[PDB]
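One structure below.
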Amino acid sequence: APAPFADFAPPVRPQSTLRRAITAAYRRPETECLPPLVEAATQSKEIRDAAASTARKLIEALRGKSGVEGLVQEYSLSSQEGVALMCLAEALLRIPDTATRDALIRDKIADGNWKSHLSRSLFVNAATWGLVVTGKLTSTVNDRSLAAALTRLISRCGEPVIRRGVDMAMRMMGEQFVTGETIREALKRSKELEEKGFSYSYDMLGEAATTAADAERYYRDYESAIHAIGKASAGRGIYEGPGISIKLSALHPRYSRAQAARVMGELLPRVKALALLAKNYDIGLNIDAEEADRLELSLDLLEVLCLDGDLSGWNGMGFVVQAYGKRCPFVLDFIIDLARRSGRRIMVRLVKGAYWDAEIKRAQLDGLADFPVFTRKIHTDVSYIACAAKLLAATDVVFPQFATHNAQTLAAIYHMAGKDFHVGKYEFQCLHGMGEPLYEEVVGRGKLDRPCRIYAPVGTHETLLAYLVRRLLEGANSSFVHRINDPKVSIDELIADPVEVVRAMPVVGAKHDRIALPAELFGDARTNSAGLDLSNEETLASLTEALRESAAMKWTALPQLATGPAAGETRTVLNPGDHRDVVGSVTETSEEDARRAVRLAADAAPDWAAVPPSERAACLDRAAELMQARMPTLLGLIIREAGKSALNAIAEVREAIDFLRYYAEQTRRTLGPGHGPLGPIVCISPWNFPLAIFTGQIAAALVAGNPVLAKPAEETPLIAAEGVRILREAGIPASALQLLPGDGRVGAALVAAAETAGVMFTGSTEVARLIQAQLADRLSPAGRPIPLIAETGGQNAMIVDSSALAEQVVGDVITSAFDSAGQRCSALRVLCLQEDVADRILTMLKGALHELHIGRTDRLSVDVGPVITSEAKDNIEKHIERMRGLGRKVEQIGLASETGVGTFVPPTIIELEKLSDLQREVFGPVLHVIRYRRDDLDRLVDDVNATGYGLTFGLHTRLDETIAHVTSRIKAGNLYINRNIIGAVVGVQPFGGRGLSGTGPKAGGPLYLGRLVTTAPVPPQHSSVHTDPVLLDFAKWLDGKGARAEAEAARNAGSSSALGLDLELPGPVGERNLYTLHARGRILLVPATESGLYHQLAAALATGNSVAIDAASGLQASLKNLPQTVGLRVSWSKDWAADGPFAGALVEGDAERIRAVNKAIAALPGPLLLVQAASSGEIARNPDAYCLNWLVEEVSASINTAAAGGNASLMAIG
Amino acid sequence: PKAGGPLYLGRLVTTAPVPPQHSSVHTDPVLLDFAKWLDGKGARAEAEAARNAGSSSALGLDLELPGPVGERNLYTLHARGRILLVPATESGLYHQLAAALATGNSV
Amino acid sequence: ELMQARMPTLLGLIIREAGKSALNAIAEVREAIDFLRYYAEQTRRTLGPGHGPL
Ligand SMILES: Cc1cc2nc3c(=O)[nH]c(=O)nc-3n(C[C@H](O)[C@H](O)[C@H](O)COP(=O)(O)OP(=O)(O)OC[C@H]3O[C@@H](n4cnc5c(N)ncnc54)[C@H](O)[C@@H]3O)c2cc1C
Ligand SMILES: NC(=O)c1ccc[n+]([C@@H]2O[C@H](COP(=O)([O-])OP(=O)(O)OC[C@H]3O[C@@H](n4cnc5c(N)ncnc54)[C@H](O)[C@@H]3O)[C@@H](O)[C@H]2O)c1
Ligand SMILES: OCc1ccc2[nH]ccc2c1
Ligand SMILES: [Mg+2]
């Protein structure tokens, strides 16, 4: 039985002083990085003047010397027409036979009806063509605008414009974006510039392997290219002759620090084999630099390769360092030292860096201390020049390669390097089809007589467009190449010296004013929770120790009553991934003590209510600080108790911290003396988010002024007990927060207790239904229903069309379906693939599935942990076997023998014939896949809605028409576009569904606290200027009927309603997070009087709903002669169970009528209904007798606006 | 169509062009339900025409037009209202319904 | 272009024939100029051989 965390994340090798200096700089504050860079980049006044003169000369030559622009001009194309034309040209070039393409153009395309002859939107890559035509990036494509534009331009200009577009696109995609379609073509085309003194480095365009098969394909592409390049090099050697550039992410599908052992065992030999071939031909082999979290891992490969005697005698190994990265100079120190130790003259390509916007987004998403890159472009420029000075001092041991298109950067380095030059000392580098105009002013004895190596992409149209967006942005407003073409930018501006500009700033190295540090995403509202960087060796080393220390602790969970811990039945809590690992001990609550706890809560309710809201919120904020400080220990407990990986656990603790701070801030924004607490609230929580949901429900109830009976799931009491201990330490009195560990009997005893004033339940729909039935017999002392928030299961779908990028889909599917072994309520259950792409995506998905590591979660390398119990395992496996027995195709990972000591289900993909193959939620790592024809998309959305669930939903498409269609027709609480579907960032994706998935209001949203007080406050930003038109028609009808007071109440409800609220919530860059209030659906109205009916109808119509009115009320004659608009929304129901599902109910009557109606409502099939009841007198006295907060439905939509490959808004940030 | 607007010239030719900026990403939901109904009854050509009408309709276009500062000049396309349909054949009726529903109208 | 250049003379006629003030006569001529230029531009954006006249 292996000791917990004994092998959590050991480094590849002990970290040397040089390696530790790299890690120390990972997220160093920008103000600390810059001063040494300024010093190192400083040059004499004579050199600065000479450099500016050289830069001006180069820039004057550049400006003194278009294809798409000329086409746009000749045919008077709008921007959309230009984009549409290039998309058409791209599609026409997918026709191989040139004569067949020309015949289609002349006979069919030119005569209109291009739609008839061209499963895949023509405009799939329009975001890329948009960048080409307009210089602006859009994440998604307005395909209807492009279709209109294409029709218009073809009808106006005919075949000649199509011909010109085809020839333009052929030239760009075959000769500009790539040096050649194949390595042989690229080599033939390289002779011209090689004869002028250029060299080449070829890039076979491999990147981000998703499967073993992809990695093998990219391997054989590199190997075949090395042969072709080496044959062509013909002994020219590594400096004069061509080389190759490779990306490590192309060569293994799990290239990450978490998988370091697989990287060293499996990726390293592949690089070695390629390097051995490059050695034999004596060509350069350069390792390109990728994301910041791969930098230090790549150094371990570089170290092994440079120390491997089989590669000795060859100096062609190359390595890129990114000057936008804070570690760059320390990486260079490490590399220079490695070159000295190994005796290999490492080729070092200095670049600025290609992943800037992605690094900003990632650090914000992960809540990390700072960015691993600079945030002002001028800082990167200074870093580059400082790093060039370091490289130029070490030309005896490394070969510097200065990759840049910036004439100022170039000139600074040209003069820094001095007049002594020989081929092999250093070189410049540029990108094919971008840098030649500059470097034709550099290469050759008649220029600066310095060599330049051209980075030459090689590949087909399909491969080229995959990452052209990122490549073009390298096009942003701050980019030299964009600025050189901007007439408003003077040469003096372009030759400005970044070193002297930085040195003269008030605070040297200050962060960009318009980029939030991750902690500051929410500004003054609250402090973002902080995560942990699992790529940082210092963090991993410290976390290893804290995790081991957590496993030595004697964790317990006890019934913590107001009067002290109570005795009870005690049992061990076992690690679900290894039952031999005892995590702690739980003492469970007797049903007698549960009832006693509620009475103690009732007695303590006035004292807790009297704590001012701001002080209650201060307790939550203190608890959040305590949880943040204790995060490493909390991670260890969550990892061992609940089967979570470290990443799962970090998310869990961050979410708890965010709930605490969010509900604290919402309280400070809203709660006053008139928002009285309900009283004792029973908080019943699920095992699968054993700290986050647990803490969220309790914190909300407490801060609203209610004492809480906290009943954690029987599977996960220890982390709940620790959360209670933390809240109590933060100042929540023991009488206000009692912990009652135990199973559903303890929950049921709490729900049934006489003084229970509200229930917050998160768990399965079936259990929520039992609670709903229990509460249907109950009324408050005021004779009103006991509020129930019941957040329940999902049957969550993702729809993927033929415009989505398969690699992006597969990553988001693997994460959404199998993160936490599918034990997220948000997990993807049903993937819906458009038929034309289904086979390709499914193949990639199955390949990615088999790269997952399943096991006990106290290892960083484990992706997928166990299921929580043997009963959960048996239930999941029974479902899989039923599917397999029906003949459905089932793909499963093979599990290691070590899983036998725990309860594991392998990640599973099941191919369904119809969505009806699924019944209820299967809460495990089981992804179902269905295929759909594009024309059946609307029926498919109906089918998704027809399950009755409505929790999370994903859509992967680039096409605005499809986004608009799908998102308007889907009925789910949390929508995600071009990303995973498991996001629940508090206050950013307020989380919670509808139908079988929830009553609402959403946790982590602004309506939540208002449900926990007797009179709901007005939430921040909660209003709408829109008035429902059917409400208005009803108000006029009421006036025409003479119901004057009711017409006024109807108008007031129309104004009070927040239906139509449409907000963007602050969050990370590269995402848009939207929050909207819609109608709930059909509200069941159970009136008693005519006026009550009119008030109920006004409330429901003002919130956009339709209604079914109880026909047994006998009030049909009160609704004669309705306007058709209102009549369309009104039905009369004699059999309520036949006319559902409803989305809520409004009831009028005395206490016993309300109770009887509540029992009938609870008995209706399907979703739990949020019922509001009032007496006739309350309707007369209180305009808010029916609260409109609970008659609208919250919808959160999270859109990944970086999905096209770049961030448009950040293109203006430099 | 409005004088001084982008639909005007198209009324003065026998086949209307696609005006500048004339498109919408919105699809009328009743149109979509009608297309599904046509699908169900095997009216494949009409269902296709209905989906095509749903896409080519510019119902929901909502543009800000260039003009002077200190003013916002908006141009939007709404349903006309109730369209009188005078069909002769079942297929003609389905096509007329598709056209009218795709543009947000009742009939 | 001709209406723009001749606007002062056109104003005189509009003022006397149609009871317009100078400002409203200016608006009248400007609107005619704008129709001409707008329909010209809309034509350049749209009309091709398949859009036959009535
Ligand atoms: C031959 C060659 C090989 C390359 N290999 C790689 C590689 O392996 N890995 C890699 O990551 N990229 C690589 N690049 C790209 C390089 O990193 C740059 O993205 C690109 O060349 C633009 O830099 P520039 O100096 O030519 O132009 P510039 O316009 O001078 O610099 C633009 C760069 O500034 C940086 N930047 C922009 N905005 C900000 C900001 N707000 N804060 C901080 N920094 C900012 C970015 O790095 C951006 O690319 C390569 C480029 C070339 C020409
Ligand atoms: N909508 C959401 O936000 C959300 C979030 C997380 C989990 N969930 C759902 O939670 C479920 C998984 O959690 P789980 O397995 O712990 O759920 P569950 O329904 O098994 O148990 C939930 C809680 O209810 C208690 N309970 C069981 N029977 C009870 C009864 N008769 N009366 C009162 N309480 C009773 C349990 O002890 C536990 O505390 C999944 O269905 C998942 O989709 C929903
Ligand atoms: O990550 C590798 C990479 C990224 C961006 C680039 N641009 C030009 C070459 C190049 C290489
Ligand atoms: Mg259970």
Side-chain angles (χ1 to χ4, degrees), chain A residues 556-568 570-574 576 583-591 593-594 596-602 641-642 679-691 693-694 697-698 701 706-721 723-724 737-765 767-776 778 786-793 868-872 874-875 903 923 1159 1162 1168:
Chain A
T556 62
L558 311 175
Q560 297 291 353
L561 274 62
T563 53
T570 297
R571 67 159 173 84
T572 55
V573 179
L574 304 183
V583 186
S585 294
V586 56
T587 300
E588 299 188 326
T589 308
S590 72
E591 291 187 19
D593 287 336
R596 185 154 64 89
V598 180
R599 300 187 237 107
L600 296 178
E641 181 178 33
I681 293 188
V682 170
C683 298
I684 295 168
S685 55
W687 75 266
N688 70 297
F689 296 144
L691 183 63
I693 295 221
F694 179 79
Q697 295 188 137
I698 291 158
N706 308 283
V708 165
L709 298 317
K711 214 300 288 178
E714 56 270 27
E715 298 91 343
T716 54
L718 301 176
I719 188 61
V724 169
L737 178 51
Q738 295 179 87
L739 176 77
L740 299 317
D743 59 19
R745 293 172 297 147
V746 180
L750 293 171
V751 168
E755 304 91 346
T756 292
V759 180
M760 301 175 77
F761 176 79
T762 301
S764 64
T765 304
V767 170
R769 190 170 290 124
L770 293 170
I771 292 166
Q772 173 195 37
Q774 217 171 0
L775 290 180
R778 313 275 304 285
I786 300 301
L788 172 60
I789 304 185
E791 298 304 277
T792 50
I868 187 64
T869 61
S870 61
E871 307 95 276
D874 292 342
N875 172 269
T903 52
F923 200 69
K1159 292 164 60 180
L1168 278 72

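FYI, side chains are in, hydrogens and waters are out, and symmetry mates aren't considered; it's all heavy atoms of this structure. Naming: A, B, ... by sequence-line order, numbering from 1 per chain.
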Looking at [X] and [Y], what are the two nearest heavy atoms and their distance?
X	Y	result
A/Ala720	A/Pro712	CB-CB, 3.4 Å
A/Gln738	A/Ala597	NE2-O, 2.8 Å
A/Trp687	A/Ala642	CZ3-O, 3.6 Å
A/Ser585	A/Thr570	CB-CG2, 4.3 Å
A/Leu691	A/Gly723	CD1-CA, 4.2 Å
A/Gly763	A/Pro686	CA-CB, 4.3 Å

Criterion side-chain hydrogen bond (donor to acceptor under 3.5 Å, both in side chains) on A/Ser685 and A/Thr762, from CA distance to verdict:
CA-CA 5 Å; A/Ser685 55; A/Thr762 301; over 6 Å; no
Calculate, to the nearest 0.5 Å, the distance between atoms [atom1] and [atom2] belonging to [X] and [Y] respectively.
X	Y	atom1	atom2	result
A/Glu715	A/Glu871	CD	CD	8.0 Å
A/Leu709	A/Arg596	CG	CZ	12.0 Å
A/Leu1168	A/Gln772	CG	CD	3.5 Å

Between [X] and [Y], is there a donor-acceptor pair closer than 3.5 Å when you use the side chain of the first and the backbone of the second?
X	Y	result
A/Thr756	A/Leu750	yes
A/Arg571	A/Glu588	no
A/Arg599	A/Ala753	no
A/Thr765	A/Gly793	yes
A/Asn706	A/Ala701	yes
A/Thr589	A/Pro741	yes
A/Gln560	A/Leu739	no
A/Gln697	A/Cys683	no
A/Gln774	A/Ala748	yes

Do [X] and [Y] touch side chain to side chain, with heavy atoms closer than 4.5 Å?
X	Y	value
A/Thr556	A/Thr587	no
A/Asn688	A/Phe923	yes
A/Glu641	A/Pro717	yes
A/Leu561	A/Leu740	yes
A/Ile684	A/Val767	no
A/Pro559	A/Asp593	no
A/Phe761	A/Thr792	yes

Could you go step by step and tell me if A/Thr869 and A/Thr903 meet the side-chain contact (heavy atoms from CB on, under 4.5 Å) rule?
CA-CA 6 Å; A/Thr869 61; A/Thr903 52; 5.5 Å; no
